[PDB]
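Asks: One structure, pasted below without further comment.
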Amino acid sequence: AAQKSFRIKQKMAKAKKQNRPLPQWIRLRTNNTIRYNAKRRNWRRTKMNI
Amino acid sequence: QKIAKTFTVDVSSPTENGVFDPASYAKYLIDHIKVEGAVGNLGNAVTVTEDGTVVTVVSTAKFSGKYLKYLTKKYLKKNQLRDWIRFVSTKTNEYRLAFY
Amino acid sequence: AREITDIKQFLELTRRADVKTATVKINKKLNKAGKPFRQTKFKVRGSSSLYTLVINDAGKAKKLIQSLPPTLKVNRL
Amino acid sequence: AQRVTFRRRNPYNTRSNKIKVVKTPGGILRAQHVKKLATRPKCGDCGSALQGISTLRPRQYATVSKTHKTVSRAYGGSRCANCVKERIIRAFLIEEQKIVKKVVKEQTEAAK
Amino acid sequence: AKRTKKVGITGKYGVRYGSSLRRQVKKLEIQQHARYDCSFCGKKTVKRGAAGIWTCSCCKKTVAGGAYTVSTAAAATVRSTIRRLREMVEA
RNA sequence: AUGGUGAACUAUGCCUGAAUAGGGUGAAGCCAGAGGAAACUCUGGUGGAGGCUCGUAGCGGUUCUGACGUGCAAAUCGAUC
RNA sequence: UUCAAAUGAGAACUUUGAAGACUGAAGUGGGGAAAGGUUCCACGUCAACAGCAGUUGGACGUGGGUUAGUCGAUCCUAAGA
RNA sequence: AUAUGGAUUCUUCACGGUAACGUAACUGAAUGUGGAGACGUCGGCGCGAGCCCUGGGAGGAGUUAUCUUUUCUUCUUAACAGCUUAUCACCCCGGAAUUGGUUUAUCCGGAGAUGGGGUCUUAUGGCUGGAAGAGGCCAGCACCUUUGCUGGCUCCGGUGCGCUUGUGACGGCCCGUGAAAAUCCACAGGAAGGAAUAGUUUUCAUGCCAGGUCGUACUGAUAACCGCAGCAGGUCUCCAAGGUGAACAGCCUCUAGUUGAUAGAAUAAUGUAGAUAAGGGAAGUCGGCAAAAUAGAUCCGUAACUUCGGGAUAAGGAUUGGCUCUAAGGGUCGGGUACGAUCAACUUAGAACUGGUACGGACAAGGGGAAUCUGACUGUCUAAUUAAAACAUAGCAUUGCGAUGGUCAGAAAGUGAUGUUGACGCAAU
Ligand SMILES: [Mg+2]
Ligand SMILES: [Mg+2]
Ligand SMILES: [Mg+2]
Ligand SMILES: [Mg+2]
Ligand SMILES: [Mg+2]
Ligand SMILES: [Mg+2]
Ligand SMILES: [Mg+2]
Ligand SMILES: [Mg+2]
Ligand SMILES: [Mg+2]
Ligand SMILES: [Mg+2]
Ligand SMILES: [Mg+2]
Ligand SMILES: [Mg+2]
Ligand SMILES: [Mg+2]
Ligand SMILES: [Mg+2]
Ligand SMILES: [Mg+2]
Ligand SMILES: [Mg+2]
Ligand SMILES: [Mg+2]
Ligand SMILES: [Mg+2]
Ligand SMILES: [Mg+2]
Ligand SMILES: [Mg+2]
Ligand SMILES: [Mg+2]
Ligand SMILES: [Mg+2]
Ligand SMILES: [Mg+2]
Ligand SMILES: [Mg+2]
Ligand SMILES: [Mg+2]
Ligand SMILES: [Mg+2]
Ligand SMILES: [Mg+2]
Ligand SMILES: [Mg+2]
Ligand SMILES: [Mg+2]
Ligand SMILES: [Mg+2]
Ligand SMILES: [Mg+2]
Ligand SMILES: [Mg+2]
Ligand SMILES: [Mg+2]
Ligand SMILES: [Mg+2]
Ligand SMILES: [Mg+2]
Ligand SMILES: [Mg+2]
Ligand SMILES: [Mg+2]
Ligand SMILES: [Mg+2]
Ligand SMILES: [Mg+2]
Ligand SMILES: [Mg+2]
Ligand SMILES: [Mg+2]
Ligand SMILES: [Mg+2]
Ligand SMILES: [Mg+2]
Ligand SMILES: [Mg+2]
Ligand SMILES: [Mg+2]
Ligand SMILES: [Mg+2]
Ligand SMILES: [Mg+2]
Ligand SMILES: [Mg+2]
Ligand SMILES: [Mg+2]
Ligand SMILES: [Mg+2]
Ligand SMILES: [Mg+2]
Ligand SMILES: [Mg+2]
Ligand SMILES: [Mg+2]
Ligand SMILES: [Mg+2]
Ligand SMILES: [Mg+2]
Ligand SMILES: [Mg+2]
Ligand SMILES: [Mg+2]
Ligand SMILES: [Mg+2]
Ligand SMILES: [Mg+2]
Ligand SMILES: [Mg+2]
Ligand SMILES: [Mg+2]
Ligand SMILES: [Mg+2]
Ligand SMILES: [Mg+2]
Ligand SMILES: [Mg+2]
Ligand SMILES: [Mg+2]
Ligand SMILES: [Mg+2]
Ligand SMILES: [Mg+2]
Ligand SMILES: [Mg+2]
Ligand SMILES: [Mg+2]
Ligand SMILES: [Mg+2]
Ligand SMILES: [Mg+2]
Ligand SMILES: [Mg+2]
Ligand SMILES: [Mg+2]
Ligand SMILES: [Mg+2]
Ligand SMILES: [Mg+2]
Ligand SMILES: [Mg+2]
Ligand SMILES: [Mg+2]
Ligand SMILES: [Mg+2]
Ligand SMILES: [Zn+2]
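Keeping their order, the protein sequence lines are chains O9, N2, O8, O4 and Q3.
Residue numbering for the first sequence follows the entry's author numbering, beginning at 2 and increasing consecutively.
Residue numbering for the second sequence follows the entry's author numbering, beginning at 9 and increasing consecutively.
Residue numbering for the third sequence follows the entry's author numbering, beginning at 2 and increasing consecutively.
Residue numbering for the fourth sequence follows the entry's author numbering, beginning at 2 and increasing consecutively.
Residue numbering for the fifth sequence follows the entry's author numbering, beginning at 2 and increasing consecutively.
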């Protein structure tokens, strides 16, 4: 890093949008079943493997 | 090649407030100013006077304004007048004693 | 980035088609050793270089400043 | 006491990464990167730095009035003049001898 | 004042390699570093520069030569043999 | 047994880069001088040689059969080297 | 390591002032390559996490932030492919 | 993209200089050729920059029982541009034994020295432009504010085996002689095009438009990377202050940064880590394991043996602080065609005095000696129980091979290694 390829900037940027908690309004829909976000990620817990 | 330099200090502002005695003060200069290495040897090479409200020094021997600030700091400390008065250059070589 | 000395070449610079603006500068300085004197630099700004003409004589400067094209944008000091 | 940092992302000490410490109007020390040095062009005959010709890294020779890249003589900016001297002399003399070689063996054939 | 009874330039090698070997080198080293007479301009300025190559200080001529010395004993006989044989062809 | 995946560790070659306080020794070459009938021999300098030497960084890993041995650590830590 | 203040339900651990020390320019200073990918900064803020703690954080919530004719890439060729 | 100015031409494609060469310009197709890109390492020596040290002056700060014309600190100048600046190299004059010139380092000259006079490279530096308007340091007024507002000063020098880096002219080394291409210029060439009623000229000046795409945060580590982790491990590099000292050592400091690592009370046994111990001195033990001893520098003094290079710091000795003096060692100038004047350095030897005989006063820093065995040496390996006498090595010797070949690769092949090779070679022991 520190001087990256646009391919990698993307995945990096895509991964930044996926790093939010559940939108709580979803919690309210009929039959809704998703308690929490089970696909979250931390920079110092799981590495992206590029 | 010889040169004769002058040094003015406006001692008014603390003189008027009583806590300053341009008398014994110019006297401090007059015999603790070092002249090729010792006191008193002001041998018509340097002069100290007072204009009642102003001190004057004129030199022909090695004497810098940094020296003149060193001495009065010492006088001002010898008589407890620190906290109350500062030595300050107003204009180049024109000094004074600021009170407040 | 360029210095000038010909006080005729100077004048013609200030009448160049691209020379929009110019500025006049005043430094107090000193002479030989004894005393001071008032210096004056005449900077003209071309599309690709700032020509500046130092005139060390106070007199020559006062006459020069009037020679300036009245359509020129002068920045005094 | 005042230290200094490279001004480019390259952190290593290479020929294209030479530094030069400098005092700015700010009163601070600062690195400045320094282009590699120019070397003098040379005589393609004798091999010396060929005099009268200016020296700058190669592409900089295209930003220069033609006089900086030449001297005003036969084979000017290209050979060292004492080289030109030589190849004039040898030219003349060998062209001459060519005459002495011909008419001489023109006699051989006639006296044989 | 003389510094070494015998080892000469070979004195860099200290105590190592065995005397005999230093001798063999020294002989050849003295040959290679030595300064030689130029056939062409006549000054003793021919000095070596990597095995086989011999070049004149001034006048800048370069002769191909022996590995450690300028003229191989062999090569020089050869120079003469060719002399001889050549001669036959005109006369 | 069949078909695949590895030289990010490591082994070796190539290509292109980078790195190494201060000391000791004093090899060729060079200058001046001394003796001697001669052949030749000596002295003082200068100079800066080496898979040379003292020793940091570096690289290594000798001993304590030291620490630790449910560790800081699936090989580390200390001193010594 | 210490005294105080401030903050807070709560302060051995946060902020600030004071004191004592440390690294000692071969750095515990100032920057970068590889690698990470937002950790950078601000505001909010402690359920879990930081093997005592917590009002603090590389944690949590929510936002903001990376500007180039000249710095790199891009072009060149190296071993090789 | 181009337009004006200048330069050039009735001798069409410039002049000047004896010459090295000069310059604001001063046409040039194919084609060829030359240079630059472009190159090892070490050594000393020369110079540059930044740093270090330091005098005077102007400021601000610190200490002041006492002492110190004191301690600390500010005083700066970018790219780019003009002029000027060089060791080297070269030109002109001239003609050399009584040989001279000359580096720290011994090279140079009748293939033209020493001498005089010139020419070039612009590394580098100087002064001016940029540029004081910036920046830096102060004082003197204002007020919740945005935050101003007004004045000043920013000057002149010194030193060098200093440190770091840059660089030049040289020297050593090699069976090692230490990339390539893109790219830019030059020259040889002369096809061609081009003037007097007006042409040629954009390598001289000035002028106009344009410059996309992707990366740009931060960590870089005793918490941002890899070791299941905020792991005492691992992980490529630049910058680098003062003292002491030989020093980028250790030890203390400035600047900057930390003050992170659960805490409290006690100090039993046994520990881990750091120390001392009377008399004796290895009697301990497989074994002096561990520990102790030694140590710098100056001087003196040094054996067998030896491949003559070493062995060697052999061994063995003495000395060392503070302070106060003496002597030696240098630079710069004017001398008709003997000396005078000043400036700025730590080295080295000596001599006094001095102390609870101490002084490399901490830090730092070799134990020596006589043999046997074994490997010549330096070098290498079992990452994680073996570093050795084991491997390598130069040296010695043997073998194969002249290319329709030796040796070796492949399933094959219009295939491949040695081979950019040729017996002073490659291959195999
Ligand atoms: Mg950067
Ligand atoms: Mg290098
Ligand atoms: Mg590059
Ligand atoms: Mg020229
Ligand atoms: Mg020129
Ligand atoms: Mg690899
Ligand atoms: Mg060294
Ligand atoms: Mg030593
Ligand atoms: Mg050494
Ligand atoms: Mg005699
Ligand atoms: Mg040496
Ligand atoms: Mg060695
Ligand atoms: Mg050693
Ligand atoms: Mg040492
Ligand atoms: Mg180590
Ligand atoms: Mg090793
Ligand atoms: Mg160990
Ligand atoms: Mg153990
Ligand atoms: Mg245990
Ligand atoms: Mg060691
Ligand atoms: Mg604490
Ligand atoms: Mg605190
Ligand atoms: Mg300390
Ligand atoms: Mg250190
Ligand atoms: Mg830390
Ligand atoms: Mg990261
Ligand atoms: Mg975010
Ligand atoms: Mg943060
Ligand atoms: Mg909690
Ligand atoms: Mg955590
Ligand atoms: Mg906890
Ligand atoms: Mg808790
Ligand atoms: Mg967040
Ligand atoms: Mg560039
Ligand atoms: Mg591109
Ligand atoms: Mg002309
Ligand atoms: Mg070419
Ligand atoms: Mg070439
Ligand atoms: Mg290269
Ligand atoms: Mg300073
Ligand atoms: Mg530039
Ligand atoms: Mg001359
Ligand atoms: Mg002349
Ligand atoms: Mg010297
Ligand atoms: Mg370095
Ligand atoms: Mg060479
Ligand atoms: Mg060229
Ligand atoms: Mg042009
Ligand atoms: Mg395009
Ligand atoms: Mg950045
Ligand atoms: Mg950073
Ligand atoms: Mg960190
Ligand atoms: Mg990790
Ligand atoms: Mg993982
Ligand atoms: Mg760790
Ligand atoms: Mg930090
Ligand atoms: Mg702990
Ligand atoms: Mg405890
Ligand atoms: Mg005892
Ligand atoms: Mg005893
Ligand atoms: Mg005994
Ligand atoms: Mg026993
Ligand atoms: Mg035994
Ligand atoms: Mg026994
Ligand atoms: Mg032991
Ligand atoms: Mg003892
Ligand atoms: Mg023996
Ligand atoms: Mg011995
Ligand atoms: Mg004494
Ligand atoms: Mg003297
Ligand atoms: Mg004198
Ligand atoms: Mg061995
Ligand atoms: Mg092992
Ligand atoms: Mg194993
Ligand atoms: Mg070993
Ligand atoms: Mg072992
Ligand atoms: Mg043998
Ligand atoms: Mg076939
Ligand atoms: Zn010759």
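Think of the CB as a built atom: it goes at the ideal place given N, C-alpha and C, for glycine as much as any other residue.
Using CA coordinates, which residue listed in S49 (chain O8), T53 (chain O8), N57 (chain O8), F43 (chain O8) is at the minimum distance from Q67 (chain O8)?
Replies: Working through the third sequence from its first residue, we reach residue 67 (chain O8) at position 66. The candidate whose alpha carbon is nearest that of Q67 (chain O8) is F43 (chain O8).
Asks: Using a Cβ distance threshold of 8 Å, determine whether the stretch 30-40 of chain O9 contacts the stretch 45-53 of chain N2, with at least three qualifying pairs required.
Replies: Short answer: they don't touch.
Asks: From which residue to which residue does the beta strand (DSSP E) around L54 (chain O8) run?
Replies: Within the third sequence, numbered from 1, the residue matching residue 54 (chain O8) stands at position 53. Per DSSP, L54 (chain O8) belongs to the beta strand (DSSP E) from 50-56.
Asks: May I ask whether a heavy atom of ligand 26 can be found less than 7 Å away from the beta carbon of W44 (chain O9)?
Replies: Stepping through the first sequence from its first residue, residue 44 (chain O9) is reached at position 43. Yes, the beta carbon of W44 (chain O9) sits closer than 7 Å to at least one heavy atom of ligand 26.
Asks: Can the beta-carbon of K74 (chain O8) be found closer than 8 Å to that of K21 (chain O8)?
Replies: Along the third sequence, one-based indexing puts residue 74 (chain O8) at 73. Along the third sequence, one-based indexing puts residue 21 (chain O8) at 20. Against a cut-off of 8 Å, the Cβ pair of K21 (chain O8) and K74 (chain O8) comes out as a contact.
Asks: Which of the three DSSP states is assigned to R49 (chain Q3) in this structure?
Replies: Numbered from 1 along the fifth sequence, position 48 holds the residue referred to as residue 49 (chain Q3). Of the three classes helix, strand and coil, the one that applies to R49 (chain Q3) here is strand, per DSSP.
Asks: Starting from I51 (chain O9), trace the alpha helix (DSSP H) in both directions and tell me its first and last residue.
Replies: The sequence position of residue 51 (chain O9) within the first sequence is 50, counting from 1. First-last for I51 (chain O9): undefined, no H or E at that position.
Asks: In the DSSP assignment, find the alpha helix (DSSP H) that holds residue 6 (chain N2) and state where it starts and stops.
Replies: Coverage of chain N2 is limited to positions 9 through 108, which leaves residue 6 (chain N2) absent and any answer about it impossible.
Asks: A31 (chain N2) and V63 (chain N2): beta carbons closer than 8 Å?
Replies: Residue mapping note: residue 31 (chain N2) aligns to position 23 of the second sequence, counting from 1. Residue mapping note: residue 63 (chain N2) aligns to position 55 of the second sequence, counting from 1. Cβ distance not < 8 Å, so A31 (chain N2) and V63 (chain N2) don't count as in contact.
Asks: Taking 7 Å as the cut-off, is the CB of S48 (chain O8) close to at least one heavy atom of ligand 3?
Replies: The residue given as residue 48 (chain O8) occupies position 47 in the third sequence. Outside the cutoff, so no.
Asks: To the nearest angstrom, report how far apart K70 (chain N2) and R58 (chain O4) are at their CA atoms.
Replies: Against the second sequence, residue 70 (chain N2) aligns to sequence position 62. Against the fourth sequence, residue 58 (chain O4) aligns to sequence position 57. About 57 Å.
Asks: Using three-state DSSP, classify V85 (chain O4) as helix, strand or coil.
Replies: If you number the fourth sequence from 1, residue 85 (chain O4) lands on position 84. Here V85 (chain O4) sits in helix by DSSP.
Asks: Tell me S67 (chain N2)'s beta-bridge partners as DSSP assigns them.
Replies: Position 59 of the second sequence holds residue 67 (chain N2). Bridge partners of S67 (chain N2): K13 (chain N2), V54 (chain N2).
Asks: For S66 (chain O4), does the three-state DSSP call read helix, strand or coil?
Replies: Along the fourth sequence, one-based indexing puts residue 66 (chain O4) at 65. The answer is coil: DSSP assigns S66 (chain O4) none of H, G, I, E or B.
Asks: I'd like to know whether the C-beta atoms of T24 (chain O8) and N57 (chain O8) end up nearer to each other than 8 Å.
Replies: Locating residue 24 (chain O8) in the third sequence gives position 23, where the first residue counts as 1. Locating residue 57 (chain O8) in the third sequence gives position 56, where the first residue counts as 1. No, the Cβ-Cβ distance between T24 (chain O8) and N57 (chain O8) is not below 8 Å.
Asks: Give the DSSP bridge partners of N43 (chain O9), in chain order.
Replies: Here residue 43 (chain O9) is taken as the residue at index 42 of the first sequence, counted from 1. DSSP output for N43 (chain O9) lists no bridge partner at all.
Asks: Which same chain residues, not among the five before or five after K44 (chain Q3), have their C-beta less than 8 Å away from its C-beta?
Replies: Taking the fifth sequence and counting its residues from 1, one reaches residue 44 (chain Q3) at position 43. So the qualifying residues of the chain are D38, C57, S58, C59, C60.
Asks: So is the beta-carbon of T46 (chain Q3) under 7 Å away from any non-hydrogen atom of ligand 79?
Replies: Numbered from 1 along the fifth sequence, position 45 holds the residue referred to as residue 46 (chain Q3). Because some heavy atom of ligand 79 lies under 7 Å away, the Cβ of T46 (chain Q3) counts as near it: yes.
Asks: Any idea which residues DSSP pairs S97 (chain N2) with across the strands?
Replies: Here residue 97 (chain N2) is taken as the residue at index 89 of the second sequence, counted from 1. Per DSSP, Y103 (chain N2).
Asks: Apart from the five residues just before and just after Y69 (chain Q3), which ones in its own chain have a Cβ nearer than 6 Å to its Cβ?
Replies: Counting from one through the fifth sequence, the residue named residue 69 (chain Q3) turns up at place 68. Excluding sequence neighbours, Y69 (chain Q3) sits near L29, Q32, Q33.
Asks: How should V17 (chain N2) be labelled, buried or exposed, when 16 other C-beta atoms within 10 angstroms of its C-beta is the threshold for buried?
Replies: In the second sequence, residue 17 (chain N2) corresponds to position 9, counting from 1. Looking at its Cβ environment, which holds 16 or more other Cβ atoms inside 10 Å, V17 (chain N2) is buried.
Asks: Classify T64 (chain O4) as buried or exposed, calling it buried when 16 or more other Cβ atoms lie within 10 Å of its own Cβ.
Replies: Sequence index remark: in the fourth sequence, residue 64 (chain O4) carries index 63 (1-based). Label assigned to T64 (chain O4): exposed.
Asks: Would you be able to state if there are at least three C-beta pairs under 8 Å between the stretch 70-81 of chain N2 and the stretch 33-47 of chain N2?
Replies: Verdict: yes, contact present.
Asks: Should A16 (chain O9) go down as buried or exposed, given a rule of 16 or more other Cβ atoms within 10 Å for buried?
Replies: For this step, residue 16 (chain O9) is matched to residue 15 along the first sequence. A16 (chain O9) comes out exposed.
Asks: Counting only the same chain and skipping the five closest in sequence on each side, list residues whose C-beta sits under 8 Å from that of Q3 (chain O4).
Replies: One-based indexing of the fourth sequence puts residue 3 (chain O4) at position 2. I29, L30.
Asks: Report, in whole angstroms, the separation of the C-beta atoms of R80 (chain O4) and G27 (chain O4), which I expect to be a contact under 8 Å.
Replies: Your numbering for residue 80 (chain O4) matches position 79 in the fourth sequence. Your numbering for residue 27 (chain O4) matches position 26 in the fourth sequence. About 50 Å separates the two Cβ atoms, so there is no contact after all.
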